[PDB]
Amino acid sequence: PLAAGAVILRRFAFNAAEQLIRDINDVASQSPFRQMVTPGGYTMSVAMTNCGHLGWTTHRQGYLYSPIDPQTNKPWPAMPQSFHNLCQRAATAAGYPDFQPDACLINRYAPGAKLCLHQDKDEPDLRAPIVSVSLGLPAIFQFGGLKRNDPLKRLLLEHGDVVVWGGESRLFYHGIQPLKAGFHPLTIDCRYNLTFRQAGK
DNA sequence: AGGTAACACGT
DNA sequence: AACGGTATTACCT
Ligand SMILES: O=C(O)CCC(=O)C(=O)O
Ligand SMILES: [Mn+2]
């Protein structure tokens with residue numbers, strides 16, 4: 001096992017990938033990918049957007065889940081049924097049959113893009129797991145512990161891989177190392193990740 | 001009190 | 001380039 005309460009389901013989303021990617025494009029046509037600026041004033045290397053009832057965003061004052069896209073000033077697009085179904089099946093396979101996400105953060109990684117080691121704790125109900133779907137180019141996922149200096153596991157995540165963490169491992173530090181350039185026939189030159197959460201009550 | 005930015009340079 | 005400092009503070013509510 002990846003950790004207590006955590007598992008990787010390799011190639012779980014492989015068969016669903018083409019549809020998922022069509023729906024990413026549909027979501028982004030309404031709420032475009034944007035590289036967000038941290039409260040500290042740095043532009044993130046990962047480009048992001050959201051779908052579902054709540055979207056993760058930065059602002060001057062910190063991080064926030066909000067029902068409105070601050071760039072368009074309209075609600076985030078509805079969560080595609082392909083996304084919701086894949087998430088439900090993955091969560092069930094990982095031992096979290098009751099998971100009901102209300103938020104999906106869509107990450108796009110160009111070569112060089114990274115996500116520094118962090119915890120997912122913007123969500124009030126820590127009982128719900130995180131379901132994380134990889135698409136396109138491969139990336140090295142770091143998965144640690146409750147403390148930043150806890151030893152890291154480094155796992156390659158490839159197209160279609162799904163990682164789920166929760167319970168004892170819900171607050172574990174994790175991240176993505178700078179993406180290697182490459183080619184993938186479905187995403188061409190990038191990696192996408194879908195991160196499903198229950199962000200509200 | 002407690003929340004929490006850093007989902008972001010030097011060795 | 002893997003590891004860890006920084007928030008060891010200065011603000012909010
Ligand atoms: O891209 C990934 O695999 C991880 C994304 C992530 O950690 C997040 O969106 O909070
Ligand atoms: Mn995360």
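Every chain is numbered from 1 and lettered A, B, ... according to where its sequence line falls, protein lines coming before strand lines.
- Rounded to whole Å, atom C1' of C/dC12 lies 15 Å from atom CG of A/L64.
- The structure places CG of A/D120 at 9.0 Å from CG of A/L171, a figure rounded to the nearest 0.5 Å.
- The residues A/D125 and A/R197 are annotated as not salt-bridged, no charged nitrogen and carboxylate oxygen being separated by less than 4.0 angstrom.
- The separation of B/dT11 from C/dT6, taken at their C1' atoms, amounts to 15 Å, rounded to a whole angstrom.
- Counting non-hydrogen atoms under 4.0 angstrom, A/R60 reaches nothing in the nucleic acid.
- A positive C1'-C2'-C3'-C4' dihedral is found for the sugar of B/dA8, placing it in the north range.
- Using a 4.0 Å cutoff to heavy atoms of chain A, the contacted part of DNA chain B runs 5' to 3' from B/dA5 to B/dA8.
- In this structure, A/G62 and A/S45 both approach DNA chain B, and ranking their closest nucleotides by distance from the 5' end singles out A/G62.
- Distance A/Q142 CD to C/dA1 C1': 12 Å, rounded to the nearest Å.
- Relative orientation of the A/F196 and A/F83 rings is perpendicular, given thresholds of 30° and 60° on the angle between their planes.
- Atom pair A/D150:CG and C/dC3:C1' shows a separation of 13 Å (rounding to whole Å applied).
- For B/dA6 and C/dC3, the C1' atoms lie 16 Å apart once the distance is rounded to whole Å.
- Between C/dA2 and C/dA7, the two P atoms lie 25 Å apart (nearest whole Å).
- B/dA5 and C/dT9 make up a base pair, with Watson-Crick or G-U wobble contacts both under 3.5 Å.
- Under the Watson-Crick or G-U wobble criterion, with both distances below 3.5 Å, B/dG10 is paired with C/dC3.
- Counting non-hydrogen atoms of other residues, nucleotides and ligands closer than 6.0 Å to CZ of A/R11 gives a total above 12.
- With DNA chain B read from its 5' end, the first of the two nearest nucleotides for A/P39 and A/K114 is the one closest to A/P39.
- Side-chain N or O atoms of A/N85 include none that pairs as donor or acceptor with a backbone N or O of A/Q81 at under 3.5 Å.
- Looking at heavy-atom distances under 4.0 Å, A/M36 makes no contact with the nucleic acid at all.
- Nucleic acid contact class of A/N193 (heavy atoms, under 4.0 Å, all strands): none.
- In this structure, A/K147 atom NZ and C/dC3 atom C1' are separated by 15 Å, rounded to whole Å.
- Ionic pairing of A/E123 and A/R170 is present here: one or more N-O contacts between side-chain nitrogen and carboxylate oxygen are shorter than 4.0 angstrom.
- In this structure, A/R148 does not reach the C/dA7 phosphate: none of its side-chain N or O atoms is under 4.0 Å from OP1 or OP2.
- Note: A/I8 CD1 to A/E158 CD = 11.0 Å, rounded to the nearest 0.5 Å.
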